[PDB]
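This report refers to the structure that appears directly beneath it.
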Amino acid sequence: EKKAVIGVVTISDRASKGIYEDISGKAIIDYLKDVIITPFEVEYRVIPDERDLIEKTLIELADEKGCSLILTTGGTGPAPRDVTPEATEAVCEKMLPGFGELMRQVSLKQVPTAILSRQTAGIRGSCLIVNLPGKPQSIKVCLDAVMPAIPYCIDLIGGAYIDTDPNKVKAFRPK
Amino acid sequence: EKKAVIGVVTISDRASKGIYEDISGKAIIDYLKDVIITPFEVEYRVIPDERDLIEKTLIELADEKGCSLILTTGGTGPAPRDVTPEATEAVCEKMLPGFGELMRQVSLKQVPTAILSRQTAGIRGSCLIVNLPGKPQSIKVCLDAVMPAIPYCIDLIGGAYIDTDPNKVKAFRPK
Amino acid sequence: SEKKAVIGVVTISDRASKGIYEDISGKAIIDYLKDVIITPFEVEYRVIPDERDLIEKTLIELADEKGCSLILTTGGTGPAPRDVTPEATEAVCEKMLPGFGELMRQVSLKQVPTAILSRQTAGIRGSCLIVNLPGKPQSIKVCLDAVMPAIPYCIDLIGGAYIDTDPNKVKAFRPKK
């Protein structure tokens, strides 16, 4: 009867300093509340882009809070301080190249700079971790593209049961 | 001129028990016999989801049976026991990112969960190894997508000569 | 950026380096650069045999000593064992950019079925972006038209020199306030 807990991690020095409002994390939470039919809790965190803090935070959410899914936003570009993908790979046992490929494909429809994104996704135990973009609009387009495969992925790793509203996002399951 | 030997490996803890016939393996064999017009033999193996055994099987086929191409099916998903990609990476000295990229791309057209596939391809000596999915529909779109480049790839690594029926799938080759 | 823009063009070809073939690939890249860039820049041109150590040494020299902000290589990206340009590139970079190889193979497949045999990639070493291009002059332009729009901005982000392109030829996208 595993309970569904979804982690939302905003990685931004500015946001963590309070220099500006976290519209990215808000965009992710709003999206989840809007499309998920099944019951679920949220573990929200806003941290600066410190490599060690990112890894420690991902591990805490998966291991200690029992998250079945963790969505990050921020730190996925070419800049040297953007280490979210590095942190993600460092805490996962298996990576899923298909996520990064599709997210870049979808973004490319908007801007050619989509090829500069290093967003990825991987598995840590019964938890799926996915790197999302920063802009609320791009976050929506991104989730509409990958969410259809997320619930089933979590099923396959032993995570909590999640289902979405087919009228908004169809969670494909080989039935 | 090396003799053309093609390995077909079905990876499943179930199929290695006789729990059912091997539809996936048969689909691959039938495809090969249907499109290839040059002389070739098939080395068929059905093994469990054990990384070490998969590694040893691929090495046996490449090194001892002299396979120039090895096609695997099964164990490419997110589940922890799906270790075919890891075993493939372990025995190859050079990976080809283009294969997993295109295969997931064509598979995604009907299967949203295609982004959960960790299929890849690599080279071990003069043998090309390619990970295929388990479902027939996916196996077909994947082979139709990559086969046009397989014979030529084999030429470049010094493997045996293989050609296909252009009315089914044309194998590229320079003048 | 007050940085002086220096672009490296490295041809990795045993035959080109020995004087067997004319390097139409390197020439194609240089002509493309001069054709679309609307800002001042110098070119560090090198032609070398496909020796992994030399490839790594050359990339490192152009980035660390010549101060290149961009290095475009041509050759050695296929499945044959001697093609080790991607390996050398990953060896000298600290951060890879999967989107480059992905897009380049995607736009190439529309014309070359064996595009999936290409192992071209791109990565970052300090404030220098390194991108692997194909050998055929025709394929070089196709790959560049696809990825060049993202190159100047990527260089901005890593602290490299300022480069801009003629919007009528290639539009270098950059976010504006």
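Labels below follow one simple rule: chain letters A, B, ... track the order of the sequence lines, proteins then strands, and each chain is numbered from 1. Heavy-atom basis, side chains included; hydrogens, waters and symmetry copies ignored.
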As an exercise: rank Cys154(C), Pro149(C), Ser127(C) by heavy-atom pairs under 4.5 Å with chain A and give me the winner. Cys154(C)
If you tally heavy-atom pairs under 4.5 Å against chain C, which of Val83(A), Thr113(A), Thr120(A) wins? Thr113(A)
Is it the case that the side chains of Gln106(C) and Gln105(A) hold a donor-acceptor pair, with the cut-off being a distance below 3.5 Å and no angle test? yes
Could you tell me which of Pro112(A), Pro78(A), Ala79(A) has the largest number of non-hydrogen atom pairs under 4.5 Å with chain C? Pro78(A)
Do the numbers put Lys26(A) on top of the ring of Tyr44(A), so that NZ or CZ is under 6.0 Å from the six-membered ring centre and no more than 45° off the axis? no
Distance-only donor-acceptor check, side chains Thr76(A) and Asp82(A), under 3.5 Å: no
Using the rule salt bridge (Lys or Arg N to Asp or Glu O under 4.0 Å), only one of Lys3(C), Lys4(C), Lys34(C) pairs with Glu42(C); which is it? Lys4(C)
